[PDB]
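J.: If you read the sequences in order, they're chains P and F.
Here the authors' numbering = 1-based position in the first sequence + 96.
Sequence positions in the second sequence follow the authors' numbering and run 72 to 75, 81 to 138.
A virtual CB, placed ideally from N, CA and C, is assigned to each residue, including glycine.
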Amino acid sequence: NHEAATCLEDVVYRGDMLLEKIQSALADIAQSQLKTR
Amino acid sequence: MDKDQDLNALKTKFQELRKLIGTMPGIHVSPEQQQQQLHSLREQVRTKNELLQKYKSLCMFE
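Printed below as a string of structure tokens:
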């Protein structure tokens, strides 16, 4: 169970990094569309 | 005609038609601001195209 929890935590860190990058990209796209309008 | 009928009526009708066509167009102000807005829209379209292109480049997901 500890090994499974460690694997799940690694996957959760990967997913959190991916979500942070996606949010950053979305905010960048939004700011670009705002400044270009 | 006078070198040696209702020509003035037809001329006035043509002038009124030309004025109506000019007012129907929409551009009242000088074309300077129109060209400025067109350049701004072109810049915005270029920015949107560049953003859409850059979006399809960074593809590092699983």
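Please report the distance separating the alpha-carbon of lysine 87/F from that of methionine 100/F.
T.: Here the question's residue 87/F lines up with position 11 in the second sequence. Here the question's residue 100/F lines up with position 24 in the second sequence. For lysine 87/F and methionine 100/F, the distance between alpha carbons rounds to 20 Å.
J.: Would a check of beta-carbon distances place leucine 117/F closer than 8 Å to chain P?
T.: Your numbering for residue 117/F matches position 41 in the second sequence. With 8 Å as the cut-off, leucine 117/F does not count as an interface residue toward chain P.
J.: If you follow the alpha helix (DSSP H) that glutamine 109/F is part of, which residue opens it and which one closes it?
T.: Taking the second sequence and counting its residues from 1, the one referred to as residue 109/F is at position 33. Run containing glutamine 109/F: 107-131, per the alpha helix (DSSP H) assignment.
J.: Are the C-beta of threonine 102/P and some C-beta of chain F separated by less than 8 Å?
T.: The residue given as residue 102/P occupies position 6 in the first sequence. With 8 Å as the cut-off, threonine 102/P does not count as an interface residue toward chain F.
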